[PDB]
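S.K.: Shown below is the structure under consideration.
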Amino acid sequence: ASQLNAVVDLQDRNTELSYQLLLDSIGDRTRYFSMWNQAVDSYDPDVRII
Amino acid sequence: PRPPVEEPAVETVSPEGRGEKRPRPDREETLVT
Amino acid sequence: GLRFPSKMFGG
Amino acid sequence: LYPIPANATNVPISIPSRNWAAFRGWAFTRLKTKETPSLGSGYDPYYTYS
Amino acid sequence: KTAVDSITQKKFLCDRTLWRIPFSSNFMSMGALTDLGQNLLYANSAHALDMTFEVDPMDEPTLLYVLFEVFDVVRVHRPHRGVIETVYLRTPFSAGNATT
Amino acid sequence: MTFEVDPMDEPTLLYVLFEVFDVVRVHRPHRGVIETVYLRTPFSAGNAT
Amino acid sequence: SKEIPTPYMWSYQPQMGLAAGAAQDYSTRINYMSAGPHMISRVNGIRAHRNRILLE
Amino acid sequence: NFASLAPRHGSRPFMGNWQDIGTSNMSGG
Amino acid sequence: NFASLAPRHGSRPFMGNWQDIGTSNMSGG
Amino acid sequence: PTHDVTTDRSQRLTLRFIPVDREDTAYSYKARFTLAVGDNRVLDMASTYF
């Protein structure tokens, strides 16, 4: 009965990067969580830096 | 020849004679300019 | 409005 | 644009649940799917009509 | 004098137009913000809508183009040189708070 | 601001994070009412009186 | 807008040492287009309490 | 009062009307 | 007075407009 | 604690919400829901997902 959208979303916000940096701060990021498909992109350090 | 005009001098365009939606034909009521 | 004169034939 | 099938008579549409403040009215017209491009797409490859 | 027994077929064609049904209590355009859109039944409450269209059958896939008439308003602010800020609001079918 | 970068043989983008206070305050005064106010400073979306 | 306006914030010019020119504080505005009368009235009392501070 | 920007019909400015500043043009109402 | 030379729409003399007293038209001016 | 923590009435832990109106474009799809939080219930939106 409201027509009053609580989501005021902007183009120069980055909700995805805000959520990637949030999970680094609140918990261990090397751990894998299949429910949110929470598996961080990690290069192999022997491949990048020879 | 000239659109209708009020006189407050300054010379102000009057809104009379303009077209409107009416339930009854406007020529039998008013003059439409 | 109510000041507009009535339509008659030729006046 | 609500799709009407071929030789279909009754077209039931449903706006789910909403506040209807400042609603002005309806205006409707049947179209053709051949004559209406699926806009929002940059290219419609199934639109063989000019 | 040798006219056959005949029946009358009646129809109409109304091109170029949209079948307007105004959301007003007497179907009259007494203003764009109509008296039913201002009505407290339809202002502070939520209502479902189920419209039902009975059309002539055609041998072709057709569409139904319904104009849900709203107030698609844009307010534009330019406070400084080079700055262009816009606030959008349409009611009822809100995309939302599209401030820029 | 003036950024000098290494040259690359590819169209690249410069992604600057102008750090602000992107803050929301949420009021629900009645049943089914959800009132939000957003403030971010200094790059505000904006609303007048 | 007329009763509770937005303040014209002055632009400085460090070279001439004068003010360049004042534009309104568009960049510190607070967005209550998704608020109701329980909170639009509370934000407009903050727009006006700020304008009392700037006159003070 | 910006009356030196108006074309003078005679000795007085041909100012417009107050009520013409906005618009209400909208499809069907 | 010269207002008894006008037709009476009602009980009021239908006086013409003050703006119709002069002509102003030229070739685009 | 025994009292004033957990109710005794019949009440579900997890609810299932059907899309009340799904709108499918060629490049996106929209799912509208009725997130009905009944009387004397609270919902943290962290528990909500699709």
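To be explicit about the labels: the chains of the structure tokens are called A, B, and onward in the order shown, and within each one the residues are counted from 1, while ligands get numbers from 1 in the order they are shown.
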From chain I, collect each residue whose DSSP state is strand (DSSP E or B) and return the set as a list in words.
M.R.: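 Strand (DSSP E or B) members of chain I, listed: residues 8, 9, 12 and 13 of chain I.
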S.K.: Could you pull out the helix (DSSP H, G or I) residues of chain A from DSSP and send them as a list in words?
M.R.: residues 15, 16, 17, 18, 19, 20, 21, 22, 23, 24, 25, 26, 45, 46, 47 and 48 of chain A
S.K.: Take the residues that were just selected and, keeping N, CA, C and O atoms, output them as a PDB file, in the first residue's frame.
M.R.:
ATOM      1  N   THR A  15      27.682  -2.343  -5.911  1.00  0.00           N
ATOM      2  CA  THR A  15      27.192  -3.239  -4.874  1.00  0.00           C
ATOM      3  C   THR A  15      27.952  -4.559  -4.881  1.00  0.00           C
ATOM      4  O   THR A  15      28.158  -5.162  -3.822  1.00  0.00           O
ATOM      5  N   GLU A  16      28.415  -4.995  -6.054  1.00  0.00           N
ATOM      6  CA  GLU A  16      29.150  -6.247  -6.145  1.00  0.00           C
ATOM      7  C   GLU A  16      30.514  -6.143  -5.475  1.00  0.00           C
ATOM      8  O   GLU A  16      30.877  -7.004  -4.668  1.00  0.00           O
ATOM      9  N   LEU A  17      31.278  -5.093  -5.788  1.00  0.00           N
ATOM     10  CA  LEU A  17      32.581  -4.895  -5.159  1.00  0.00           C
ATOM     11  C   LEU A  17      32.446  -4.538  -3.685  1.00  0.00           C
ATOM     12  O   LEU A  17      33.335  -4.857  -2.889  1.00  0.00           O
ATOM     13  N   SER A  18      31.346  -3.888  -3.300  1.00  0.00           N
ATOM     14  CA  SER A  18      31.085  -3.650  -1.886  1.00  0.00           C
ATOM     15  C   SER A  18      30.857  -4.948  -1.130  1.00  0.00           C
ATOM     16  O   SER A  18      31.225  -5.051   0.043  1.00  0.00           O
ATOM     17  N   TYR A  19      30.270  -5.948  -1.783  1.00  0.00           N
ATOM     18  CA  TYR A  19      30.035  -7.235  -1.150  1.00  0.00           C
ATOM     19  C   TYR A  19      31.257  -8.139  -1.198  1.00  0.00           C
ATOM     20  O   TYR A  19      31.396  -9.015  -0.341  1.00  0.00           O
ATOM     21  N   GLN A  20      32.147  -7.946  -2.172  1.00  0.00           N
ATOM     22  CA  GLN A  20      33.385  -8.717  -2.203  1.00  0.00           C
ATOM     23  C   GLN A  20      34.346  -8.246  -1.124  1.00  0.00           C
ATOM     24  O   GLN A  20      35.022  -9.062  -0.487  1.00  0.00           O
ATOM     25  N   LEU A  21      34.417  -6.937  -0.902  1.00  0.00           N
ATOM     26  CA  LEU A  21      35.289  -6.404   0.131  1.00  0.00           C
ATOM     27  C   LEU A  21      34.700  -6.569   1.521  1.00  0.00           C
ATOM     28  O   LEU A  21      35.451  -6.565   2.501  1.00  0.00           O
ATOM     29  N   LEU A  22      33.378  -6.707   1.631  1.00  0.00           N
ATOM     30  CA  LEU A  22      32.757  -6.933   2.931  1.00  0.00           C
ATOM     31  C   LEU A  22      33.073  -8.324   3.458  1.00  0.00           C
ATOM     32  O   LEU A  22      33.388  -8.489   4.641  1.00  0.00           O
ATOM     33  N   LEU A  23      33.000  -9.338   2.594  1.00  0.00           N
ATOM     34  CA  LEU A  23      33.263 -10.705   3.022  1.00  0.00           C
ATOM     35  C   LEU A  23      34.725 -10.940   3.359  1.00  0.00           C
ATOM     36  O   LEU A  23      35.030 -11.876   4.102  1.00  0.00           O
ATOM     37  N   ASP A  24      35.632 -10.127   2.821  1.00  0.00           N
ATOM     38  CA  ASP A  24      37.025 -10.210   3.239  1.00  0.00           C
ATOM     39  C   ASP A  24      37.190  -9.721   4.672  1.00  0.00           C
ATOM     40  O   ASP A  24      37.981 -10.281   5.436  1.00  0.00           O
ATOM     41  N   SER A  25      36.436  -8.694   5.061  1.00  0.00           N
ATOM     42  CA  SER A  25      36.621  -8.102   6.378  1.00  0.00           C
ATOM     43  C   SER A  25      35.927  -8.889   7.481  1.00  0.00           C
ATOM     44  O   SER A  25      36.424  -8.924   8.611  1.00  0.00           O
ATOM     45  N   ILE A  26      34.785  -9.515   7.190  1.00  0.00           N
ATOM     46  CA  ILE A  26      34.006 -10.154   8.245  1.00  0.00           C
ATOM     47  C   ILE A  26      34.313 -11.631   8.417  1.00  0.00           C
ATOM     48  O   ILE A  26      33.796 -12.251   9.358  1.00  0.00           O
ATOM     49  N   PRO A  45      50.326 -18.856  -7.279  1.00  0.00           N
ATOM     50  CA  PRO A  45      51.459 -17.926  -7.163  1.00  0.00           C
ATOM     51  C   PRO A  45      52.712 -18.383  -7.889  1.00  0.00           C
ATOM     52  O   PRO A  45      53.576 -17.547  -8.169  1.00  0.00           O
ATOM     53  N   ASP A  46      52.840 -19.672  -8.205  1.00  0.00           N
ATOM     54  CA  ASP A  46      53.967 -20.141  -8.996  1.00  0.00           C
ATOM     55  C   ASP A  46      53.780 -19.839 -10.476  1.00  0.00           C
ATOM     56  O   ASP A  46      54.756 -19.860 -11.234  1.00  0.00           O
ATOM     57  N   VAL A  47      52.553 -19.554 -10.901  1.00  0.00           N
ATOM     58  CA  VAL A  47      52.287 -19.290 -12.307  1.00  0.00           C
ATOM     59  C   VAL A  47      52.430 -17.810 -12.618  1.00  0.00           C
ATOM     60  O   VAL A  47      53.044 -17.433 -13.622  1.00  0.00           O
ATOM     61  N   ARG A  48      51.864 -16.955 -11.761  1.00  0.00           N
ATOM     62  CA  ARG A  48      51.957 -15.510 -11.941  1.00  0.00           C
ATOM     63  C   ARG A  48      53.396 -15.034 -11.809  1.00  0.00           C
ATOM     64  O   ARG A  48      53.973 -14.493 -12.757  1.00  0.00           O
TER      65      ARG A  48
END
S.K.: For atom CA of residue 30 of chain G and atom CA of residue 5 of chain A, quote the distance in Å rounded to one decimal.
M.R.: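 Computing it gives 15.8 Å between the two atoms.
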S.K.: Using only C-alpha atoms, which protein or nucleic acid residues come within 8 Å of residue 31 of chain G? Drop anything in the same chain fewer than 6 positions from it, and give the result as a list in words.
M.R.: residues 37, 38, 39, 45, 46 and 47 of chain F
S.K.: One decimal, Å: what's the distance from atom CA of residue 75 of chain E over to atom CA of residue 31 of chain J, could you say?
M.R.: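 Interatomic distance here is 29.1 Å.
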S.K.: Can you write out as a tab-separated table which residues of chain F fall within 12 Å of chain G, alongside each residue's closest atom pair and its distance in Å to one decimal, counting only C-alpha atoms and ordering rows by chain and ascending residue number?
M.R.:
residue	atom	partner	partner_atom	distance
F:20	CA	G:28	CA	10.8
F:21	CA	G:28	CA	10.6
F:22	CA	G:30	CA	10.7
F:23	CA	G:30	CA	9.9
F:24	CA	G:31	CA	9.4
F:25	CA	G:39	CA	9.8
F:26	CA	G:35	CA	8.8
F:27	CA	G:39	CA	7.5
F:28	CA	G:38	CA	9.1
F:29	CA	G:38	CA	7.1
F:30	CA	G:38	CA	9.7
F:33	CA	G:36	CA	8.5
F:34	CA	G:35	CA	7.8
F:35	CA	G:35	CA	4.4
F:36	CA	G:35	CA	5.2
F:37	CA	G:32	CA	4.9
F:38	CA	G:31	CA	5.1
F:39	CA	G:30	CA	4.7
F:40	CA	G:28	CA	7.2
F:41	CA	G:28	CA	5.5
F:42	CA	G:27	CA	5.5
F:43	CA	G:27	CA	5.5
F:44	CA	G:27	CA	4.9
F:45	CA	G:31	CA	6.9
F:46	CA	G:29	CA	4.8
F:47	CA	G:31	CA	5.0
F:48	CA	G:1	CA	6.7
F:49	CA	G:1	CA	4.8
S.K.: With distances taken over only C-alpha atoms, which of J:49, J:14, J:3, J:28 is nearest to chain A?
M.R.: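 Checking each candidate against chain A, we get J:49 as the closest.
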S.K.: Produce a table with one row for each residue of segment 14-97 of chain E that has an atom at most 12 Å from any atom of segment 35-47 of chain D, each row naming the nearest atom pair and its distance in Å at one decimal; use only C-alpha atoms; arrange rows by chain and rising residue number; format as a Markdown table.
M.R.:
| residue | atom | partner | partner_atom | distance |
| --- | --- | --- | --- | --- |
| E:60 | CA | D:35 | CA | 11.1 |
| E:61 | CA | D:35 | CA | 10.3 |
| E:62 | CA | D:35 | CA | 9.0 |
| E:63 | CA | D:36 | CA | 8.4 |
| E:64 | CA | D:36 | CA | 10.7 |
| E:65 | CA | D:36 | CA | 10.3 |
S.K.: Just the selected residues (C-alpha atoms), exported as an mmCIF file, in the first residue's frame, please.
M.R.:
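Final file, result.cif:
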data_model
loop_
_atom_site.group_PDB
_atom_site.id
_atom_site.type_symbol
_atom_site.label_atom_id
_atom_site.label_comp_id
_atom_site.auth_asym_id
_atom_site.auth_seq_id
_atom_site.Cartn_x
_atom_site.Cartn_y
_atom_site.Cartn_z
ATOM 1 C CA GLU E 60 -1.971 -15.024 -36.616
ATOM 2 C CA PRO E 61 -0.126 -14.527 -33.297
ATOM 3 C CA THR E 62 -1.211 -11.086 -32.100
ATOM 4 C CA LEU E 63 -0.336 -8.884 -29.124
ATOM 5 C CA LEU E 64 -2.213 -6.739 -26.623
ATOM 6 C CA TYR E 65 -0.814 -3.252 -26.030
#
S.K.: For residue 49 of chain E, please output as a list in words all residues within 8 Å (counting only C-alpha atoms; exclusion window: fewer than 5 positions along the same chain).
M.R.: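 Near neighbours after the sequence-gap exclusion: residues 14, 15, 16 and 17 of chain D.
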S.K.: Using all C-alpha atoms matched in sequence order, least-squares fit chain I onto chain H and give the RMSD rounded to one decimal in Å.
M.R.: 0.7 Å
S.K.: Which residues are close to segment 14-22 of chain G, i.e. within 12 Å by only C-alpha atoms, leaving aside same-chain residues fewer than 6 positions away? Reply as a list in words.
M.R.: residues 79, 80 and 81 of chain E; 6, 7 and 8 of chain G
S.K.: Would you give me, as a PyMOL selection string, the residues of chain E that come within 12 Å of chain J, using only C-alpha atoms?
M.R.: chain E and resi 46+48-50
S.K.: Kindly provide, as a PyMOL selection string, the residues of chain J having any atom no farther than 12 Å from an atom of chain A, counting only C-alpha atoms.
M.R.: chain J and resi 47-50
S.K.: What is the atom CA of residue 56 of chain E-atom CA of residue 19 of chain E distance in Å, reported with one decimal?
M.R.: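 So the two atoms, atom CA of residue 56 of chain E and atom CA of residue 19 of chain E, lie 15.5 Å apart.
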S.K.: Enumerate as a PyMOL selection string the residues belonging to chain A that approach chain E to within 12 Å, with only C-alpha atoms taken into account.
M.R.: chain A and resi 1-13
